[PDB]
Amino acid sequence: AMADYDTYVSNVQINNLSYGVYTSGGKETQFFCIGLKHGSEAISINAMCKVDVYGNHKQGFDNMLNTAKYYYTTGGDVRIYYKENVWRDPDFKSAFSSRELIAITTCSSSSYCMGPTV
């Protein structure tokens, strides 16, 4: 199976965004975070972030940000692939999330979203 694609939430909507600049561990960073809803269902796995110069995958900062902003605009159904327990900055983890955003795929029905499933 694809490394880092094993943990996801499906048929969610991106209902909040954050974008900022921040010094972390003595390095100048950019970050963004997505916040999620699942229609009217309560979701606890509801935030994930990406940082330009830290993480398991530094590539794709601008493309992932633009992709997140696209689905915030449409409110469309997506699946979010993420990795738990990534961010080591304790102030960032408590403010935003520990989770690193890995991929965003669309869902065309209540049962199908693109990408691998477990």
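All residue numbers are counted from 1 along the displayed sequence.
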| item | value |
| --- | --- |
| 15 to 23 versus 106 to 114 - greater average Cα B-factor per the deposited record | 106 to 114 |
| Of 37 to 45 and 68 to 76, the stretch whose C-alpha atoms average the higher B-factor in the entry | 37 to 45 |
| Chain thirds of CA B-factor: placement of residue 87 | highest |
| CA B-factor placement of residue 58, once the chain's modelled residues are sorted into thirds | middle |
| Chain-relative CA temperature factor third for residue 9 | middle |
